[PDB]
Amino acid sequence: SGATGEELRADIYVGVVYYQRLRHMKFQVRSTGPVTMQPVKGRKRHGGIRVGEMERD
DNA sequence: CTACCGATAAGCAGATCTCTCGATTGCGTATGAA
C-alpha cells in the first residue's frame, strides 16, 4: 500500500492492457442573465434547466 | 295509416424523459422604366 506502506493481504492482479480515450469530455450554471420572461434554452447561451412535469410531481 | 325511437355498420380527433453538438432553411413568375 502507498499510505500505510504495509503489504496487502493478497497478491494483486496486475498487467498491461490497451486503453483508449473517448471524446465524451458539459457543466452549466446560471444565476441571472438571458430570458415569456422565462430563461432561455441552451448551455452555450447561458440558459437554464427546465423543471419538467415529472420534476414538479 | 303512422310518429317515435331503440335493435342493427361506419366518420372525426386524438394519442402515444433530459441534455449536448453538427447541419440546413422548397420551388416558382409578373410589371414597367428605359
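Per the conventions used, each chain is numbered from 1 along its written sequence, independently of whether this matches the entry, and residues without coordinates are not displayed. Numbering of ligands from 1 and lettering of chains from A proceed in the order in which they are written. These chains belong to a larger assembly; the numbers reported describe only the chains shown. Only hydrogens and water are removed before side-chain values are computed, so all heavy atoms of the structure are retained for them.

The record lists cryo-EM as the method behind this PDB entry and 3.5 Å as its resolution.

**Looking at the overall build of chain A**
Numbering of helices and strands runs from the N terminus, with a helix taken as a DSSP run of H or I at least four residues long and a strand as a DSSP run of E at least two residues long. For chain A, the count of helices and strands is 1 helix and 0 strands. Atoms counted for the radius of gyration: C-alpha only. Globule rule: 2.2 Å times residue count to the power 0.38. Computed over the C-alpha atoms, the radius of gyration of chain A is 24 Å, more than 25% above the 10 Å expected from 2.2 N^0.38 for a compact globule of 57 residues. In terms of overall dimensions, chain A has C-alpha extents of about 65 × 30 × 25 Å along its principal axes. Categorising residues by exposure relies on relative accessible area from a 1.4 Å probe, with only protein chains included: less than 20% of the type maximum marks a residue as buried, more than 50% marks it as exposed, and the intermediate range marks it as partly exposed. For chain A, with 57 residues in total, the buried portion stands at 7%. Each accessible area is a Shrake-Rupley estimate made with a 1.4 Å probe; only the visible protein chains count as cover when residues are assessed. By element, 54% of the accessible surface of chain A is carried by carbon and sulfur atoms, the whole surface being about 6800 Å². In this charge count, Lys and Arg are treated as positive and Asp and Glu as negative; neither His nor the chain ends contribute. A single reference atom marks each charge: NZ on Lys, CZ on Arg, CG on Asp, CD on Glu. Side-chain charges of chain A comprise 11 positive and 6 negative groups, with the mean position of each set lying 21 Å from the other.

**Topic: the protein's contact with DNA strand B**
By convention in these notes, a residue is near a molecule or strand provided one of its non-hydrogen atoms lies within 4 Å of it. The environment of DNA strand B is formed by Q28, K41, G42, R43, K44, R50 and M54. Within 4 Å of the protein, atoms of DNA strand B come from sugar and phosphate in 100% of cases. In the analysis that follows, any N or O atom pair within 3.5 Å is treated as a polar contact, provided that within protein one partner can donate a hydrogen and the other can accept it, and provided that, for residues neighboring in sequence, both atoms belong to side chains. Note that a phosphate oxygen of DNA strand B is positioned 2.6 Å from one of the backbone N or O atoms of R43. In the surface near DNA strand B, the residues fall into 1 nonpolar, 2 polar and 4 charged. Under the convention adopted here, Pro, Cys and the residues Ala, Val, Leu, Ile, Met, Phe, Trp and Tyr are nonpolar, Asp, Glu, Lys and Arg are charged, and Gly plus all remaining residues are polar.

**Quick notes on the environment of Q38**
Following the sequence through the fold, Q38 ends up in the segment before helix 1 (53–56). Assessed through its relative accessible area of 54%, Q38 is described here as exposed. Separated by 10 residues in the primary sequence, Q38 and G48 place their C-alpha atoms 9.1 Å from one another.

**A few points about the pattern of salt bridges**
For salt bridges, the criterion is a side-chain nitrogen of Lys or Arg within 4 Å of an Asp or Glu carboxyl oxygen. Counting across every chain of the model gives 2 salt bridges. Its salt-bridge partner being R56, residue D57 comes within 2.7 Å of it at the nearest N-O pair. What makes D57 exposed here is its relative accessible area of 68%.

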